[PDB]
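As C-alpha cells, the structure follows; a few thoughts come after it.
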Amino acid sequence: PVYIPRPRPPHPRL
Amino acid sequence: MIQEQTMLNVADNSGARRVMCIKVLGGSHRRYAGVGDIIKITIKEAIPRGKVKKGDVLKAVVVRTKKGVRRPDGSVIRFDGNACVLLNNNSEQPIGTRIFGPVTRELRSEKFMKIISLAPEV
Amino acid sequence: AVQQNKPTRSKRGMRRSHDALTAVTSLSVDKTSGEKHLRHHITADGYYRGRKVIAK
Amino acid sequence: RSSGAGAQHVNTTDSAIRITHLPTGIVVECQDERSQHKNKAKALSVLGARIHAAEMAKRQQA
Amino acid sequence: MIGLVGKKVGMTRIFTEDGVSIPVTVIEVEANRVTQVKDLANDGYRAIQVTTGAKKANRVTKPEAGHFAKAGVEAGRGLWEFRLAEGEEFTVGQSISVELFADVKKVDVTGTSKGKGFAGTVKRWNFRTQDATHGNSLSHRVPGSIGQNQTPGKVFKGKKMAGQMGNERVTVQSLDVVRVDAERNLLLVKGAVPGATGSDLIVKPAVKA
Amino acid sequence: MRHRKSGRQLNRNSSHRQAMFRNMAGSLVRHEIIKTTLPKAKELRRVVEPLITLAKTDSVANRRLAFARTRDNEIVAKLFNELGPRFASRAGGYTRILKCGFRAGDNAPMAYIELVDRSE
Amino acid sequence: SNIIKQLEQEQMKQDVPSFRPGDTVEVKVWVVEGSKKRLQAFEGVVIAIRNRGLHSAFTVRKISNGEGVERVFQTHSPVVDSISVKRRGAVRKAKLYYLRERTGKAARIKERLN
RNA sequence: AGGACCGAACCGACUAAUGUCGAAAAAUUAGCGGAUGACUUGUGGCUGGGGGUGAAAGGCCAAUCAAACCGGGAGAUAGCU
RNA sequence: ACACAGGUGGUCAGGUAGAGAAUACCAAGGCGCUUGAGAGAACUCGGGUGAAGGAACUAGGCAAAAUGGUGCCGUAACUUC
RNA sequence: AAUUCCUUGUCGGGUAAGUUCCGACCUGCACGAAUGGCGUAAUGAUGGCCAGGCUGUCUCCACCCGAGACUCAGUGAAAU
RNA sequence: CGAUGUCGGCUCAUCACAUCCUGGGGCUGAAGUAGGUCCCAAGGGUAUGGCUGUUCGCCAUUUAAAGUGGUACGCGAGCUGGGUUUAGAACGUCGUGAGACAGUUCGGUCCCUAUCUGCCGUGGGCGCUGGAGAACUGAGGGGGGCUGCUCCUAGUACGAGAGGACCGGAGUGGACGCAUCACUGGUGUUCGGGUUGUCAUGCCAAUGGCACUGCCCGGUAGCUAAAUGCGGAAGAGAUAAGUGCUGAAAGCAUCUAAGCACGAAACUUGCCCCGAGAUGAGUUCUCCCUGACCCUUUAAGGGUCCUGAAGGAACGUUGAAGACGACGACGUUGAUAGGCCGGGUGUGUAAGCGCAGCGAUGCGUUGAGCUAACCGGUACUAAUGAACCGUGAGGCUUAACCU
C-alpha cells in the first residue's frame, strides 16, 4: 500500500 | 407489594401523612412485604398535632396494597392507594385511635386486634 | 480471532468431509408421458399425476 | 490501600494505615508516604501524643 | 406399587365446598394392559412393561406386531416399564385401570418438559442481566466471565451457560390426588405437571412417603 | 419460540406484507393462475379463501367488505358475479398449489398457485 | 376437548343473571369468620367482565370510605351467593378502566332505560 | 435600536449509541449552541519554513508540524539491534 | 484510491392543514437506492409497551421517560430598576 | 475555600443514615488587594448538592415489531 | 521493555479451613436462657442504603450469619473509565526563569469477524460384526442438601423471685431451583373499536394508504412472572470429635492393646436427571433373509443372472420439536397442515333502511357485524402409483448337551 496509517494507541500503562 | 423507598399514606390518625418504607422486616434478602407483614418506615410528613414528629424511624404494618391481596377462593382485592398503620417498635399496639379505610381479613391474627377492632369496614 | 498457526491440508480435508453435497437420485416417472421429474414437482411440460394441470 | 495520586505504586499497594485504640476509641489515620513502616512509626507517635493529650486533658479538668 | 401412563388434557380447577379453589390437572388414563412380565430368571430384576393408547394397523411395524402378538393385546402407542415392589405380581394382559390410585394420597408425575429451544443464560440459569446503560456496549445479556485466569487456564466442567432448555425428563414430586374417576377414566392431580396438552405422563406413587 | 403461532413474517414489516398480499390476491383473482414462491402461496391460501368465503353470499355490505380488501373495483366486479355462482357447490379449499422447480435467479422454491378453474 | 368441557359444564351453575358491564351490581358473598358464616354485601359498579366459561369472573368497583376498593369475583364460585342488578348502566365500552382515575362527579354514567 | 429571545437554511460538534480490518484515515442517528452580526459563504489575490499565521492550542501551513515537502551533501553518524 | 450513507455556489418553486422555506400527505417530475429466497434460536442494534415502587441503578437523573402550541388570570427573593 | 497535609479538624441544617454541599468557628503547613481581593442583577451544551413530576435505570426483567446473526443460490477478503 | 492492561465497580464464579451461622461434643469462674474457650465437620448460606473513584472504614436497620484468603490482591479478545499515569488550564509551594509537586480539584477516542485447548448444547460416519424395531438393568457422572417465626409438650424441669428449658411433633414464612398458564397481570405492530391532518375510490356515506403500530383503548391463543404448586427430608451402612462396656499389660485403674454398642448438614446410598462409544461396547422380546454358478494366489477370495426381505433413507403435509441437523404425528386403509360449518372468546349495537331534529347527532332492526394463533367435526385442497439404500441365514477353537 501507498499509505500505512498510524497504529492504534495502546493501554496507557504509564 | 411494598418494597424499599416506597411512599405510603398513614391509615390512622397518629399524625404522619407520608411515610417511606426503608426495609421489609422479616427474613433476609426479602424483596417485598405481604398482607400484614411488618415493615420499617421513616416519616416524611406529619401534622402539627401529631403524637410523632417528622423524622421518627419506626415499625409499621401494611394494610392496603395497589398490587392486591389474594383470597384463597381465586379472587384478588386491589386498593387505590398504599396504606400503613404505625406501631411502637417493641410492642405493636397502634398509636391512632381512629382508623380510616377498610382492612383485609388476613390481618386478623393475634397481634393486630386493635386495628381490626377500629376498622370501619371488613 | 487471530490464529496462532495455520491449519493443515489434513485439517481442511477433515473439515470439508461434511461439506459433501447429497444428490436426490430419486427421479420419478410420469404416468402419461413418462418424463423425469422430482417428488411432488411438475415436469418441464407441466405434467403431474397424468393430468395437464398447467393447461399451457 | 490509599487514596490520592501519582503512581501504580498506589494501585498494587496498601501504604495506608488506620489504627484504633479500643478502650478509649482513638483512631489514627496515616496516608503520608509510600511505605507502611515509616507510616507505622508516625501512627504510633500520633497514638502516643493523642493518648497523652487525652489523659493530661482529663487530669487538668480534674 | 407400579405407576401408570396417562395423557395430559388441559388444566382446570375444583371448587371445594369450604371456599378454597384448587388448580388441578386432568390426566386421562387409558387401559394400561400388561405386555410383558420380566423376571429375575432371565434379566435379574422383576418388572412389567406395558403400553397405552391404540395404534392404527398401518403404522405398527412387524417387530412391534410380533411383540404385541406375543402378549395378544391390542396394539397401542409407546412402551413403558415399571419395577415391581415385591408385594404383588401381575399377569400378561391384565387391564390395569385407575383403581390403583384410589388408596394413595400423593403421586409423582414425570413428563417430557415443554421444549424452550436454544435459550440464553438469563432464561436458563436465572442469571442477573447487567445494567443496560452508563456506557454498556455489546454486553447486555451476555454471561460475562466464564473462567478465572491463566492459573486454571480452562472453563470448569458443569459451567452454567446458554444452551438447550426444555425436552428434559423432569419430575414434579409430591402432587396431591383430588378425584379418581373410573367412568370418565380420569385422574385429577393437584398443581401443575410438566408437559403440554397431549404429552405422556408417568404417574407413580410417592416415594417420599 | 412461537408455540402455537401462525403467520409468516417473510422478512418484511406488516405494511409491506399486507400490501403485497393485497396485490398478489388481486392478481390471483384477476389472472386465475400466478407463479410465485412457495411460502407466499402458502400464506396466500389464508388470504384468497376468506375472500371467496365472503364472496359466497351477494349483498350490499358484502361488496363493501370485499372492497375494503384488494382496493379495486374490477377485482370485486369479478367477484360476486363470476366466481360466486361458479364456486357455489364446493365448500372451502378453492385453491391449488403446483411445485415447479426452482428459480434461476436466487434458487427459490417456485409454485403455480391457481384456483379450481380453466374449464372454459 | 370434550373431556374438559364435560368437566366444566357439570360444575357451572345454571342461574347466572345476565348483566352488561357498567351495571350497578350488588353482590352478596359468603364469608367464614371462624365459627360464623355471614352473608356480607358488596355494592358497586362493574368495570370489567372476563368471560371464560367456568373460569369467568367480573370486577365490582366500589368507592368506599376514603379511597376506592376494586375486587374481582368469580361467577361460578360457591363463595358468592347472590348477584342483583340495581341500575342498568349505558356505557358503550366493554372495559371501564378509565373510571379508576375519575373520582366524584366524573365517576357516574348514563342509565339505559330502554 | 439591541454583539436582544424562541426557532428553519447555514455554521460548529456538547452527551449517548452505532461503528472502530467502519458507508467514510472524524462519519451517521436522537437530542444541541448561535442563527442581524465578534455571523457565514463563493470568486480572485497577499503573507511561507528558524519563517508565515495565530480572539494564543506551541495550534494550522495540502490526511505529515516544538520547526512542511521535494532534490542534493549522503552510502552523514551510530561504543547500538 | 470505489458505481462511496461525506462535502459543493446561484435561480424557479404549487394544493390542504399550518404563524412559517418547520412538519404531515399530494400535483408536475424522478425513483424503489445492482444480492435475493426461506426459518423467525442464543446474542447485537433502532424501537414500542408493562402489574407495584419511583433513582433504591450508577462516579454522576448517563441514557431513557416526562413537559411542550394559541388566548386569558397571576407571577416571589434580588437588582445595575 | 479550585488554597487545607494532619482532616472525614469542630457546631448546626438537609437525609433514617452525607470523606459531597450550605452557614460559620479561625489552629491561614503554604489567601490576599491589578501575576488583583470581596460581593454582584442577568447569562453558561460550566463544577457540585437538594426538592417536585416523570419513567425498564434498578428491584426483576417479560413480550412484540424490523435490520443482522442460522440455512440455501451467486460473488467473495483481511489481520495472523 | 521486536509490549504480560493495572485499582475500584457490575456479571460470573472456583478452591483451602486458620469456621461467621447451622450440626455433633469436652471444660467452665456452665442454677435455666443468654454466655467465655477448645476440637471435628466446607454440605448449604454468608446483607440493604448515605459518604468516598475508593478496596477499607463509620453510620442507620435487618439477619442465623454480614468469615478470612488464594485464583496475574480472579475475571477489560465479558463491560464502563470514577481514580491513578498523554496532550489544555488553574489554586498553594519551590526555582531569576523554562518547569516541578505519591497536594489536590475541572474535562479528556478502552480495537479485534474465534485457528487450537476448554465449556454449553446439538448432529454425521463407523464400531459393538447377520441386520432392524423397541423395552430397560446398570458402570460411572451430574443437580439439590439453607432455615426463621408461632403453637403443643410447657410456664414444664431449673430458679427465693425475675426469667425460662433439652428432645420430639405440627403449622406458617424468606431465598434458591423446577414445573405450568388453572387464577391475577404484562406483551400480544396478525382481532375489533374511537379519533386528528392529508390523499384516493368520478361525489355523499363507507373503506383503505402515510405520519413511531399515527395517536390510543382493550384484547384471542402462545411466552412470561409479580401468579400457583413442588423440594431440601424421613430411613440405612461406615465414621470424625466425644461418650462408653468388658478388660490385661501393670493383683488396682484404664474406651483398646483382642472385641462389642453409640455417635454429625462431613462419605456412600436413599430424592431426581444423563448414561452400555462402559471399544469391558450389557440383558430381554419380536421381525426378516433357507437361489444357481464359473475363475481360482482353494483366500473370512473375486465375478455374473435372479431377487430385494424386515427395516431404514429421500419427498410432501407439519408440530406446545427445532439455528441447521435431529425428534414426534400423518401420507388417501386419512384428521398431519391449509380451507369450511358450529361453538367459545375479544372488540363492541357494522353497512344499508326507517324515524326525530335546520344541523351535528340520537333511536329501532341489533347487545348486531367482524373474528388471528382456540375447541368439536367436515377430504373441500395439498400429502400420488412408485423409484433408493439395506440381502441368499451369518467366521475359527474348545466343553456340556441330542444324534
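Cβ sites come from the backbone with ideal geometry, for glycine too, and all protein chains shown count toward neighbours. All of the numbers you see were taken from the coordinates with simple rules; none came from a lab.
Would you please list the contacts, defined by Cβ atoms under 6 Å and residues six or more apart or on different chains, that run from a residue in the stretch E:18-35 that is within 14 Å of chain B (Cβ to nearest Cβ) and over 16 Å from E:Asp200 (Cα atoms) to a residue that is of a type in the set (A, V, I, L, M) and part of a strand (DSSP E or B)?
E:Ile22/E:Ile14; E:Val24/E:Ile14; E:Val24/E:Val178; E:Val24/E:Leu188
What are the residues in the stretch G:78-114 that are of a type in the set (S, T, N, Q) and in a loop (DSSP other than H, G, I, E, B), if any?
Across the stretch G:78-114, the qualifying residues are G:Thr103, G:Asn114.
If we keep just the residues of the stretch B:86-109 that are exposed (fewer than 13 other Cβ atoms within 10 Å of the Cβ) and within 13 Å of another protein chain (Cβ to nearest Cβ), which is farthest from G:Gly34 (Cα to Cα)?
B:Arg98
State which residue is surrounded by the fewest Cβ atoms within 10 Å (Cβ to Cβ) when the search covers only the stretch C:8-29 and only residues that are part of a loop (DSSP other than H, G, I, E, B) and within 14 Å of another protein chain (Cβ to nearest Cβ).
C:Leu21
Quick check: is even one residue across the stretch G:23-35 surrounded by 12 or more Cβ atoms within 10 Å (Cβ to Cβ), in contact (Cβ under 8 Å) with a residue 24 or more places away in the chain and not in a strand (DSSP E or B)?
Yes, the stretch G:23-35 has at least one match.
Taking F:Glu120 as meeting all but one of (1) within 14 Å of chain C (Cβ to nearest Cβ); (2) surrounded by 14 or more Cβ atoms within 10 Å (Cβ to Cβ); (3) in a loop (DSSP other than H, G, I, E, B), write down the number of the exception.
(2)
Pairs under 6 Å by beta carbon, first residue within 14 Å of chain F (Cβ to nearest Cβ) and touching a residue at least 24 places away in the same chain (Cβ under 8 Å) in the stretch E:123-140, partner more than 7 Å from RNA strand J (Cβ to nearest atom) and among the hydrophobic types (A, V, I, L, M, F, W, C), six or more apart or different chains?
E:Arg124/E:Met165
I'm trying to understand the selection: among the residues of the stretch D:1-53, which are over 24 Å from A:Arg13 (Cβ atoms), among the basic types (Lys, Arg) and either in a loop (DSSP other than H, G, I, E, B) or touching a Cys at 6+ places or on another chain (Cβ under 9 Å) (or both)?
The answer is D:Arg18, D:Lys40, D:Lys42.
Which one of these is among the aliphatic types (A, V, I, L, M), within 11 Å of another protein chain (Cβ to nearest Cβ) and within 30 Å of B:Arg98 (Cα to Cα): G:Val45, G:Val31, G:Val80? Let's see the steps before the verdict.
Numbers: G:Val45 fails: within 11 Å of another protein chain (Cβ to nearest Cβ); G:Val80 fails: within 30 Å of B:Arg98 (Cα to Cα).
Just one listed residue meets the conditions, G:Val31.
Any idea which of (1) out of contact with any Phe, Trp or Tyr (no Cβ under 6 Å at 6 or more places or on another chain); (2) within 30 Å of G:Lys5 (Cβ to Cβ); (3) not in a strand (DSSP E or B) is the one E:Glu28 doesn't satisfy?
It fails just one condition, (3).
Can you say whether E:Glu183 is acidic (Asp, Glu) and either within 14 Å of another protein chain (Cβ to nearest Cβ) or within 13 Å of RNA strand J (Cβ to nearest atom) (or both), as far as the supplied structure shows?
So E:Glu183 fits the description; yes.
Which ones in the stretch E:141-159 are near RNA strand I (Cβ under 6 Å from one of its atoms) and either touching a residue at least 60 places away in the same chain (Cβ under 8 Å) or not hydrophobic (A, V, I, L, M, F, W, C) (or both)?
E:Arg141
For the stretch F:10-45, how many residues are within 7 Å of RNA strand K (Cβ to nearest atom) and out of contact with any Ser or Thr (no Cβ under 8 Å at 6 or more places or on another chain)?
Looking only at that region, the number is 7.
Can you find even one residue in the stretch F:69-90 that is more than 8 Å from RNA strand K (Cβ to nearest atom) and within 29 Å of C:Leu27 (Cα to Cα)?
Looking through the stretch F:69-90, none of the residues is more than 8 Å from RNA strand K (Cβ to nearest atom) and within 29 Å of C:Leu27 (Cα to Cα).
For the stretch E:53-61, does any single residue satisfy the condition of being in a loop (DSSP other than H, G, I, E, B), touching a residue at least 60 places away in the same chain (Cβ under 8 Å) and over 24 Å from E:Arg169 (Cβ atoms)?
No: zero hits.
Among B:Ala46, B:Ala60, B:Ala83, which is within 13 Å of RNA strand I (Cβ to nearest atom), over 30 Å from E:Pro23 (Cβ atoms) and surrounded by 20 or more Cβ atoms within 10 Å (Cβ to Cβ)?
So the residue among B:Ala46, B:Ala60, B:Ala83 that is within 13 Å of RNA strand I (Cβ to nearest atom), over 30 Å from E:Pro23 (Cβ atoms) and surrounded by 20 or more Cβ atoms within 10 Å (Cβ to Cβ) is B:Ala83.
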